[PDB]
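Just one chain is shown here, as C-alpha cells, and it is the form deposited in one PDB entry.
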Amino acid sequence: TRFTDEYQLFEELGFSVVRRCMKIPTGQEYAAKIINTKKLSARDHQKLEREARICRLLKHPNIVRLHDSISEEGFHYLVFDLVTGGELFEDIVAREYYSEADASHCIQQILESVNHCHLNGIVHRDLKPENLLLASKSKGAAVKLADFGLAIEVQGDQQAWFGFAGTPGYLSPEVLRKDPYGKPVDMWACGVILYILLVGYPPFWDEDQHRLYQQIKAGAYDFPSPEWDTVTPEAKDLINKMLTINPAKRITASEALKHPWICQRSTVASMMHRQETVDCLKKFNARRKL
C-alpha cells in the first residue's frame, strides 16, 4: 500500500502508463511506470519480475535510475528519477548549432549505457529514439536510456532465438531471419540511430514494411551525395562497423568506445553545422508521432 499512501499522482508522460508523481514526504518528483497485474499469467508474472530485477541492477549515469519497486493489489509501480530534458531527438531539432562532434557526444553516451547493459548480461532489444531521454540542461543534459520491459538476461555470449522483439526500422538482420541472437542486436540499433543523428533520415526505409525488411537483411544502406559529402570518413567507418550483417564481425559497445571518431572527437569529428540534418530530423520526428 506504499505508493497510494506516499505518492501524489500527476499527469501522464507516455501495457503500461508512465505518470509524473511526487513523493508526499520529501516533495521530490518521480516518474512512475504503472502496470496492471490483475489476472496475469505465470509467464506475465515472470516478465514483470524480470523487468523489476533488471531495473534494480542497472545503475549508470546514462540509464534511468530506479528509486522504488512497489507491488500493491492489482497494480505494480516502478518508480524512477524524473528526467525533464525531453526526448533526445526533440532537443536536437531545437539547436541552432549541431555538428558531427555533437552527434559523437550523443552516441558516446548511448554506447556507454549499452556497454553497461552488456557487461551486466542484459540485452535491451528495443533501442529507439523514444527510449532516449535527456537530463535537464541544469543537470548536465546526459542521455538516459529508458524502459527495460523487453530486455532479456543472457549468460556471457550465450545466444539463442529469444523470440521476436523490437521496432521495424531498428530490427537487426538476425532477428528478421529468426536466427539466434544476443548483444549485437543493440549495436545494430545503435548504428541506425547514429545514421539518423548525422543526416536526419533512417538508413533503411520503405513504406512497404516487407521491402523494408528485405533491405535490412541485405544490409543495403548507402551515403548518398550531397549531404554525406561533408561527413568525415571516420564517421562513415563507425556506421559500417555497426551495420555489419554478420553479428560476429559487428563492432561491440566497448570496441566502439575506442573508435577514433568517439574517443578523439575534437580532432576527428567535423565541427561544421549541419542545418540539413536539423531540417530532415524535424520531418523525421513529425512522422513518428503520426
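All residue numbers are counted from 1 along the displayed sequence. Note that the rigid core is defined as the largest set of C-alphas that superpose within 1.5 Å between two forms.
This next part talks about the form deposited in another entry, which is not shown.
**Report entry** Comparing forms between the shown form and the other one after core superposition, the one residue of 46, 246, 230, 254 displaced by 2 Å or more at CA
**Finding:** By this measure, the answer is 46.
Query - Threshold 2 Å Cα movement between the shown form and the other one for residue 197, core superposed - result: No.
Query - Yes/no, residue 35 Cα shift of 2 Å or more between the shown form and the other one with rigid core fixed - result: Shift at residue 35: 2 Å or more after core fit.
**Report entry** Core-superposed comparison between the shown form and the other one, residue 155 Cα displacement 2 Å or beyond
**Finding:** No; residue 155 is a residue whose C-alpha shifts by less than 2 Å between the shown form and the other one when the cores are overlaid.
Query raised in the report: residue 219 and residue 282: do their C-alpha atoms lie closer or farther in the other form than in the form you see, with a change of 3 Å or more?
Result: Result: farther.
**Report entry** Outcome for the Cα pair residue 98, residue 198 in the other form, compared with this form (closer or farther; change of 3 Å or more)
**Finding:** Relative to this form, closer in the other form.
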